[PDB]
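Q: This is the structure, below, for whatever I ask next.
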Amino acid sequence: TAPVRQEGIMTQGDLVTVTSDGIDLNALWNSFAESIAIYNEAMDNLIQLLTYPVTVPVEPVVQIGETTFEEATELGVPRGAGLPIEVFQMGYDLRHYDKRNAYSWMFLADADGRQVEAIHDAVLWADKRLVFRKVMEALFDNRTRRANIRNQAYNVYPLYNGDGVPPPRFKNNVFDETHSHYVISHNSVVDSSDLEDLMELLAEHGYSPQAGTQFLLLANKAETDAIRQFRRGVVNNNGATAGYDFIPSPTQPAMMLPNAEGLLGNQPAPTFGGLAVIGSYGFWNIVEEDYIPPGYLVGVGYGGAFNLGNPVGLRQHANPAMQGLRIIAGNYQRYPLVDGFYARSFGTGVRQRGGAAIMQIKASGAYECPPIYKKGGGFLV
Amino acid sequence: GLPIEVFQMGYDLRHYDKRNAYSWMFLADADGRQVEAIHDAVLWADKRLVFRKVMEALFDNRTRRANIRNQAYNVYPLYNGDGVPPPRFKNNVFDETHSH
């Protein structure tokens, strides 16, 4: 709860005991558990909808050429044919994280078991927050990474970012190496045309409603309060005109309508995965949460003919003994100190670089990663 | 490590009272129905007391004190710019001046 981080060898004087007033403070450690349970639920739903386990550490992509017929003649012969192919590869990184706890003998002699169980529970909470931060960094952090896999180095990619191999041609759409999914609105407030632009960044690659792709928009309340106002043919922020209505989910409060048939079509389903849907706009299902920072829109495509999966792969270590969160016996095991370690190894990357997009809502300049999910900013959300 | 800390709040307790007093020359001539009327008016004034103090507990903006088992506690209304700040929720952060 409070952002205070006590770090040291736990001594007497760091002991928590029954008060002289008879208040057992060691009963109170797990009293936050329901405010934690809502943050825990929100992180669970985002992680299971944004991640998959990496089973293949390096992924290939290829570019193949073409040929043409020609019109025949009665004495000559047509031109020959051949295909040129080339290939590129991308991976997922892997890093190591650990924590210590340490106690003096005078602490261990007098401590209630509930005080050390509470410290263990705070470590599991920090572990989950570490995993969530690194998953969200894999999606928001615009920069390319490097990693060594089976004794060779690879690029580890976010979504398209103006770096790596260009997206493949789809129909009449062609892309160069500068192509990026991290674009900006070019205006201080969200438009309906921003939701249509963000949608076009997926549809340009054939990931589309017509191909059977489903669409999730994740947004802050600061954006959804504006999107709820969008009405077909009505002028909007920055002089945009809305092409659709915002249609409320069946969990929204009741409203009067100009017609006893209210809508042409259905209301959106109230949950997408485990996430709570407020409504829909065009082909977007809309989920609001402030784990998306203010001024950022995240659009994610699922399913369809291209089989869009969850955007971020989680790589664990290949050895099953190195997988999971693990407790290691410490270097001090006797007197006057005892210590021990917690350790986890994992890492992250994107396979299907076009399956999602991120828009920062601002007037000018390049996309900025929100500091909450910039790689160097720490180990907590 | 974890630095726990705790704060506490109680509920007050106050005494109230009314008298009925009669002279013998009243009770010599009085109908019992006249004193049963005054009893019923007290039973109504008791209800109006409980209701006033319940509504005051919610509408009166001020912090009170009460002695419980030889310690003095704060007795509170809703958040009112006084006492321990509301605990942080998500990205909402609160200070001592926060008021409902």
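Letters A, B, ... mark the chains of the structure tokens in the order given; residue numbers begin at 1 per chain; ligand numbers begin at 1, in order shown.
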Per residue of chain A within 10 Å of chain B, what are the shortest atom pair and its distance in Å to one decimal, counting only C-alpha atoms, with rows by chain and residue number, as a tab-separated table?
A:
```
residue	atom	partner	partner_atom	distance
A:1	CA	B:88	CA	7.1
A:2	CA	B:88	CA	7.7
A:4	CA	B:3	CA	8.2
A:5	CA	B:2	CA	7.5
A:6	CA	B:1	CA	5.0
A:7	CA	B:1	CA	5.8
A:8	CA	B:1	CA	7.0
A:9	CA	B:1	CA	8.2
A:10	CA	B:1	CA	6.7
A:11	CA	B:1	CA	10.0
A:14	CA	B:3	CA	7.9
A:15	CA	B:3	CA	9.5
A:16	CA	B:4	CA	8.0
A:21	CA	B:71	CA	9.4
A:23	CA	B:6	CA	10.0
A:25	CA	B:4	CA	8.1
A:26	CA	B:4	CA	9.3
A:28	CA	B:4	CA	8.8
A:29	CA	B:4	CA	7.7
A:32	CA	B:87	CA	10.0
A:35	CA	B:89	CA	7.7
A:36	CA	B:89	CA	9.7
A:38	CA	B:90	CA	9.4
A:39	CA	B:90	CA	7.7
A:101	CA	B:1	CA	7.9
A:102	CA	B:1	CA	9.2
A:103	CA	B:1	CA	9.7
A:115	CA	B:2	CA	8.4
A:116	CA	B:1	CA	8.8
A:118	CA	B:2	CA	7.9
A:119	CA	B:1	CA	6.3
A:120	CA	B:1	CA	9.7
A:122	CA	B:2	CA	8.2
A:123	CA	B:1	CA	9.8
A:290	CA	B:91	CA	7.6
A:291	CA	B:90	CA	8.6
A:293	CA	B:91	CA	9.8
```
Q: Given the selection you just returned, output its residues as a file containing C-alpha atoms, formatted as an mmCIF file, in the first residue's frame.
A:
```
data_model
loop_
_atom_site.group_PDB
_atom_site.id
_atom_site.type_symbol
_atom_site.label_atom_id
_atom_site.label_comp_id
_atom_site.auth_asym_id
_atom_site.auth_seq_id
_atom_site.Cartn_x
_atom_site.Cartn_y
_atom_site.Cartn_z
ATOM 1 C CA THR A 1 0.000 0.000 0.000
ATOM 2 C CA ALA A 2 2.237 2.892 1.198
ATOM 3 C CA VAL A 4 7.826 2.693 1.809
ATOM 4 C CA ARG A 5 10.464 -0.047 1.329
ATOM 5 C CA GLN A 6 12.231 -1.203 4.488
ATOM 6 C CA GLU A 7 15.424 -3.049 3.443
ATOM 7 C CA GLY A 8 17.965 -4.562 5.868
ATOM 8 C CA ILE A 9 18.774 -7.398 8.268
ATOM 9 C CA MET A 10 15.667 -7.686 10.511
ATOM 10 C CA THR A 11 16.747 -7.089 14.145
ATOM 11 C CA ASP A 14 12.117 -4.390 13.885
ATOM 12 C CA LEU A 15 9.941 -6.845 15.905
ATOM 13 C CA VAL A 16 6.161 -6.451 15.962
ATOM 14 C CA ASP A 21 -3.072 -2.502 25.296
ATOM 15 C CA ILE A 23 -3.935 -5.217 20.370
ATOM 16 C CA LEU A 25 -0.722 -6.277 15.592
ATOM 17 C CA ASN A 26 0.331 -9.671 14.161
ATOM 18 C CA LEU A 28 -3.553 -7.280 11.142
ATOM 19 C CA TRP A 29 -0.935 -8.052 8.438
ATOM 20 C CA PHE A 32 -5.451 -5.057 3.011
ATOM 21 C CA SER A 35 -7.852 -3.925 -1.966
ATOM 22 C CA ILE A 36 -4.923 -6.127 -3.059
ATOM 23 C CA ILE A 38 -8.874 -5.984 -6.911
ATOM 24 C CA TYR A 39 -5.353 -5.004 -8.166
ATOM 25 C CA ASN A 101 15.747 -11.586 3.514
ATOM 26 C CA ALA A 102 17.939 -11.818 6.608
ATOM 27 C CA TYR A 103 17.256 -11.981 10.367
ATOM 28 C CA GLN A 115 5.429 -11.316 10.945
ATOM 29 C CA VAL A 116 7.711 -13.465 8.729
ATOM 30 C CA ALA A 118 3.707 -11.341 6.089
ATOM 31 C CA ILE A 119 7.202 -10.640 4.664
ATOM 32 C CA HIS A 120 6.908 -13.779 2.496
ATOM 33 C CA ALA A 122 4.987 -9.110 0.426
ATOM 34 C CA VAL A 123 7.694 -10.897 -1.615
ATOM 35 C CA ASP A 290 -5.992 3.128 -15.492
ATOM 36 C CA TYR A 291 -3.339 0.432 -15.772
ATOM 37 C CA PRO A 293 -1.837 5.585 -18.349
#
```
Q: Quick check for you: according to DSSP on this backbone, which residues of range 2-52 of chain B are classed as alpha helix (DSSP H)? Reply as a list in words.
A: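 Here are the alpha helix (DSSP H) residues of range 2-52 of chain B: residues 24, 25, 26, 27, 28, 29, 32, 33, 34, 35, 36, 37, 38, 39, 40, 41, 42, 43, 44, 45, 46, 47, 48, 49, 50, 51 and 52 of chain B.
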Q: Can I get the selection written as a tab-separated table (two decimals), in the first residue's frame, with N, CA, C and O atoms?
A:
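Resulting contents of result-v8.tsv:
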```tsv
chain	number	residue	atom	x	y	z
B	24	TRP	N	-49.36	16.06	45.48
B	24	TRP	CA	-50.41	15.19	46.00
B	24	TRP	C	-51.80	15.69	45.64
B	24	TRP	O	-52.66	14.90	45.27
B	25	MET	N	-52.04	17.01	45.65
B	25	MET	CA	-53.31	17.60	45.23
B	25	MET	C	-53.60	17.41	43.74
B	25	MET	O	-54.75	17.38	43.36
B	26	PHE	N	-52.58	17.26	42.90
B	26	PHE	CA	-52.78	16.80	41.55
B	26	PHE	C	-53.20	15.33	41.57
B	26	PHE	O	-54.27	14.99	41.10
B	27	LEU	N	-52.41	14.44	42.17
B	27	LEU	CA	-52.69	13.00	42.14
B	27	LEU	C	-54.00	12.61	42.85
B	27	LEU	O	-54.56	11.56	42.55
B	28	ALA	N	-54.50	13.43	43.76
B	28	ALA	CA	-55.77	13.21	44.44
B	28	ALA	C	-56.98	13.32	43.50
B	28	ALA	O	-57.97	12.62	43.69
B	29	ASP	N	-56.90	14.20	42.50
B	29	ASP	CA	-57.99	14.55	41.59
B	29	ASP	C	-57.76	14.10	40.14
B	29	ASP	O	-58.71	14.01	39.37
B	32	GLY	N	-55.92	8.98	35.62
B	32	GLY	CA	-54.76	8.24	35.13
B	32	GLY	C	-54.48	8.45	33.64
B	32	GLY	O	-53.33	8.53	33.23
B	33	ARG	N	-55.51	8.67	32.84
B	33	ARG	CA	-55.37	9.01	31.43
B	33	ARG	C	-54.59	10.30	31.21
B	33	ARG	O	-53.84	10.36	30.24
B	34	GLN	N	-54.67	11.30	32.09
B	34	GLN	CA	-53.86	12.52	31.96
B	34	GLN	C	-52.37	12.23	32.15
B	34	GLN	O	-51.56	12.83	31.45
B	35	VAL	N	-51.98	11.34	33.06
B	35	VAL	CA	-50.55	11.03	33.24
B	35	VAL	C	-50.05	10.06	32.18
B	35	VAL	O	-48.94	10.23	31.68
B	36	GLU	N	-50.87	9.12	31.73
B	36	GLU	CA	-50.55	8.29	30.57
B	36	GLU	C	-50.32	9.13	29.32
B	36	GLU	O	-49.45	8.81	28.52
B	37	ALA	N	-51.00	10.26	29.15
B	37	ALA	CA	-50.70	11.19	28.08
B	37	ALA	C	-49.26	11.74	28.15
B	37	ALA	O	-48.57	11.79	27.14
B	38	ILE	N	-48.81	12.14	29.33
B	38	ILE	CA	-47.48	12.70	29.55
B	38	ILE	C	-46.40	11.62	29.40
B	38	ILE	O	-45.39	11.87	28.77
B	39	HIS	N	-46.64	10.40	29.86
B	39	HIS	CA	-45.78	9.26	29.55
B	39	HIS	C	-45.61	9.05	28.04
B	39	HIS	O	-44.49	8.97	27.55
B	40	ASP	N	-46.69	9.03	27.28
B	40	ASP	CA	-46.62	8.88	25.83
B	40	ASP	C	-45.89	10.03	25.15
B	40	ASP	O	-45.16	9.81	24.19
B	41	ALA	N	-46.02	11.26	25.64
B	41	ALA	CA	-45.24	12.36	25.12
B	41	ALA	C	-43.74	12.18	25.39
B	41	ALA	O	-42.93	12.53	24.54
B	42	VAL	N	-43.35	11.60	26.52
B	42	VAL	CA	-41.94	11.26	26.78
B	42	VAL	C	-41.46	10.16	25.85
B	42	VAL	O	-40.40	10.31	25.25
B	43	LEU	N	-42.21	9.08	25.64
B	43	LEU	CA	-41.84	8.06	24.66
B	43	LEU	C	-41.64	8.63	23.25
B	43	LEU	O	-40.76	8.18	22.53
B	44	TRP	N	-42.38	9.65	22.86
B	44	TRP	CA	-42.14	10.34	21.59
B	44	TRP	C	-40.90	11.24	21.63
B	44	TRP	O	-40.11	11.24	20.68
B	45	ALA	N	-40.66	11.97	22.71
B	45	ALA	CA	-39.45	12.79	22.84
B	45	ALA	C	-38.17	11.95	22.90
B	45	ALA	O	-37.14	12.38	22.41
B	46	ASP	N	-38.23	10.73	23.42
B	46	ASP	CA	-37.11	9.79	23.37
B	46	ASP	C	-36.78	9.42	21.92
B	46	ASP	O	-35.63	9.47	21.50
B	47	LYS	N	-37.79	9.10	21.11
B	47	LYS	CA	-37.58	8.79	19.70
B	47	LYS	C	-36.99	9.95	18.93
B	47	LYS	O	-36.07	9.78	18.14
B	48	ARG	N	-37.47	11.16	19.18
B	48	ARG	CA	-36.94	12.37	18.56
B	48	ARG	C	-35.52	12.68	18.99
B	48	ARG	O	-34.77	13.21	18.18
B	49	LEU	N	-35.10	12.30	20.20
B	49	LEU	CA	-33.72	12.36	20.66
B	49	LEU	C	-32.84	11.40	19.87
B	49	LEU	O	-31.87	11.83	19.27
B	50	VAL	N	-33.17	10.11	19.83
B	50	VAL	CA	-32.36	9.11	19.11
B	50	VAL	C	-32.18	9.48	17.64
B	50	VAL	O	-31.07	9.48	17.13
B	51	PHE	N	-33.26	9.90	16.98
B	51	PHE	CA	-33.20	10.35	15.60
B	51	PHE	C	-32.29	11.57	15.43
B	51	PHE	O	-31.42	11.55	14.56
B	52	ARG	N	-32.39	12.59	16.28
B	52	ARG	CA	-31.51	13.75	16.18
B	52	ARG	C	-30.05	13.35	16.31
B	52	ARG	O	-29.25	13.77	15.49
```
Q: Could you check which of B:53, B:98, B:65, B:18 is closest to residue 80 in chain B, using only C-alpha atoms?
A: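 Closest residue, counting only C-alpha atoms: B:98.
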Q: For residue 362 in chain A, find every residue with an atom within 6 Å (counting only C-alpha atoms), except residues of its own chain fewer than 4 positions away, and show them as an MDAnalysis selection string.
A: chainID A and resid 185:188
Q: Using only C-alpha atoms, determine which residues lie at most 12 Å from residue 72 in chain B, disregarding the query and same-chain residues fewer than 2 positions distant; provide the list as a PDB file with C-alpha atoms, in the first residue's frame.
A:
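The resulting selection32.pdb:
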```pdb
ATOM      1  CA  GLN B   8      -8.033   3.570  15.960  1.00  0.00           C
ATOM      2  CA  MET B   9     -11.520   5.083  16.100  1.00  0.00           C
ATOM      3  CA  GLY B  10     -14.410   4.566  18.541  1.00  0.00           C
ATOM      4  CA  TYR B  11     -18.045   5.566  19.141  1.00  0.00           C
ATOM      5  CA  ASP B  12     -19.156   8.002  21.864  1.00  0.00           C
ATOM      6  CA  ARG B  64     -15.355  14.082  18.788  1.00  0.00           C
ATOM      7  CA  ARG B  65     -13.452  12.273  21.612  1.00  0.00           C
ATOM      8  CA  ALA B  66     -14.536   9.380  23.863  1.00  0.00           C
ATOM      9  CA  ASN B  67     -12.967   7.628  26.867  1.00  0.00           C
ATOM     10  CA  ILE B  68     -13.171   3.819  26.355  1.00  0.00           C
ATOM     11  CA  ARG B  69     -11.531   1.499  28.985  1.00  0.00           C
ATOM     12  CA  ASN B  70      -9.308   4.377  30.260  1.00  0.00           C
ATOM     13  CA  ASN B  74     -11.222   9.809  18.228  1.00  0.00           C
ATOM     14  CA  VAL B  75     -14.905   9.468  17.241  1.00  0.00           C
TER      15      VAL B  75
END
```
Q: Would you list, as a list in words, the residues of range 30-83 of chain B that end up in strand (DSSP E) under DSSP run on this structure's backbone?
A: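 Strand (DSSP E) assignments inside range 30-83 of chain B correspond to residues 64, 65, 66, 67, 68, 71, 72, 73, 74 and 75 of chain B.
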Q: Would you kindly return, as a ChimeraX atom specification, each protein, DNA or RNA residue with an atom no farther than 10 Å from any atom of residue 62 in chain B, considering only C-alpha atoms and excluding same-chain residues fewer than 3 positions away?
A: /B:56-59,75-82
Q: Those same residues, written as a PDB file, in the first residue's frame with C-alpha atoms?
A:
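Listed below is the output, result_10.pdb:
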```
ATOM      1  CA  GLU B  56     -26.018  14.552  13.870  1.00  0.00           C
ATOM      2  CA  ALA B  57     -23.579  11.599  13.641  1.00  0.00           C
ATOM      3  CA  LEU B  58     -23.726  11.921   9.837  1.00  0.00           C
ATOM      4  CA  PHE B  59     -24.370  15.668   9.277  1.00  0.00           C
ATOM      5  CA  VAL B  75     -14.905   9.468  17.241  1.00  0.00           C
ATOM      6  CA  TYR B  76     -15.434  10.445  13.613  1.00  0.00           C
ATOM      7  CA  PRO B  77     -17.964  11.610  11.029  1.00  0.00           C
ATOM      8  CA  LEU B  78     -17.260  10.915   7.292  1.00  0.00           C
ATOM      9  CA  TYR B  79     -13.898  12.176   5.877  1.00  0.00           C
ATOM     10  CA  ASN B  80     -13.810  15.846   6.947  1.00  0.00           C
ATOM     11  CA  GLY B  81     -10.262  17.238   6.494  1.00  0.00           C
ATOM     12  CA  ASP B  82      -9.171  15.658   9.836  1.00  0.00           C
TER      13      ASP B  82
END
```
Q: Residues near range 251-264 of chain A, anyone? I mean within 9 Å using only C-alpha atoms, not counting same-chain ones fewer than 6 positions away, as a count of residues only.
A: 4
Q: Between CA of residue 325 in chain A and CA of residue 343 in chain A, what is the distance in Å, rounded to a tenth?
A: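 So the answer is 5.8 Å.
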Q: Just the number, please: distance in Å from CA of residue 273 in chain A to CA of residue 350 in chain A, one decimal.
A: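 We find that CA of residue 273 in chain A and CA of residue 350 in chain A lie 20.4 Å from each other.
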Q: Would you kindly return, as a ChimeraX atom specification, each protein, DNA or RNA residue with an atom no farther than 12 Å from any atom of residue 70 in chain A, considering only C-alpha atoms and excluding same-chain residues fewer than 3 positions away?
A: /A:67,73,76-81
Q: Once you have the residues from the selection above, write them out as a PDB file, in the first residue's frame, restricted to N, CA, C and O atoms.
A:
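Output below, filename out-v5.pdb:
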```pdb
ATOM      1  N   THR A  67       6.111 -14.195 -60.311  1.00  0.00           N
ATOM      2  CA  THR A  67       6.279 -14.201 -61.767  1.00  0.00           C
ATOM      3  C   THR A  67       4.972 -13.845 -62.480  1.00  0.00           C
ATOM      4  O   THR A  67       3.974 -13.555 -61.838  1.00  0.00           O
ATOM      5  N   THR A  73       2.957 -16.247 -79.036  1.00  0.00           N
ATOM      6  CA  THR A  73       3.120 -16.036 -80.481  1.00  0.00           C
ATOM      7  C   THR A  73       3.351 -17.373 -81.163  1.00  0.00           C
ATOM      8  O   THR A  73       3.613 -18.373 -80.502  1.00  0.00           O
ATOM      9  N   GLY A  76       7.961 -17.623 -81.727  1.00  0.00           N
ATOM     10  CA  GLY A  76       8.866 -17.308 -80.613  1.00  0.00           C
ATOM     11  C   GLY A  76       8.620 -18.153 -79.369  1.00  0.00           C
ATOM     12  O   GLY A  76       7.785 -19.052 -79.375  1.00  0.00           O
ATOM     13  N   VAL A  77       9.331 -17.855 -78.282  1.00  0.00           N
ATOM     14  CA  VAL A  77       9.179 -18.513 -76.976  1.00  0.00           C
ATOM     15  C   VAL A  77       9.139 -17.502 -75.823  1.00  0.00           C
ATOM     16  O   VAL A  77       9.805 -16.469 -75.886  1.00  0.00           O
ATOM     17  N   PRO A  78       8.389 -17.779 -74.745  1.00  0.00           N
ATOM     18  CA  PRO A  78       8.279 -16.888 -73.592  1.00  0.00           C
ATOM     19  C   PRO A  78       9.531 -16.818 -72.714  1.00  0.00           C
ATOM     20  O   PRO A  78      10.428 -17.653 -72.808  1.00  0.00           O
ATOM     21  N   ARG A  79       9.590 -15.847 -71.810  1.00  0.00           N
ATOM     22  CA  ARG A  79      10.643 -15.697 -70.799  1.00  0.00           C
ATOM     23  C   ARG A  79      10.565 -16.750 -69.693  1.00  0.00           C
ATOM     24  O   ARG A  79       9.489 -17.218 -69.326  1.00  0.00           O
ATOM     25  N   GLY A  80      11.718 -17.086 -69.125  1.00  0.00           N
ATOM     26  CA  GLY A  80      11.886 -17.998 -67.998  1.00  0.00           C
ATOM     27  C   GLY A  80      11.299 -17.492 -66.682  1.00  0.00           C
ATOM     28  O   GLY A  80      10.710 -16.420 -66.624  1.00  0.00           O
ATOM     29  N   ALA A  81      11.501 -18.237 -65.601  1.00  0.00           N
ATOM     30  CA  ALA A  81      10.988 -17.924 -64.267  1.00  0.00           C
ATOM     31  C   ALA A  81      11.941 -18.379 -63.161  1.00  0.00           C
ATOM     32  O   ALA A  81      12.558 -19.434 -63.281  1.00  0.00           O
TER      33      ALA A  81
END
```
Q: Counting only C-alpha atoms, which of B:85, B:54, B:61, B:95 gets nearest to residue 7 in chain B?
A: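 For residue 7 in chain B, the nearest of the given residues is B:85.
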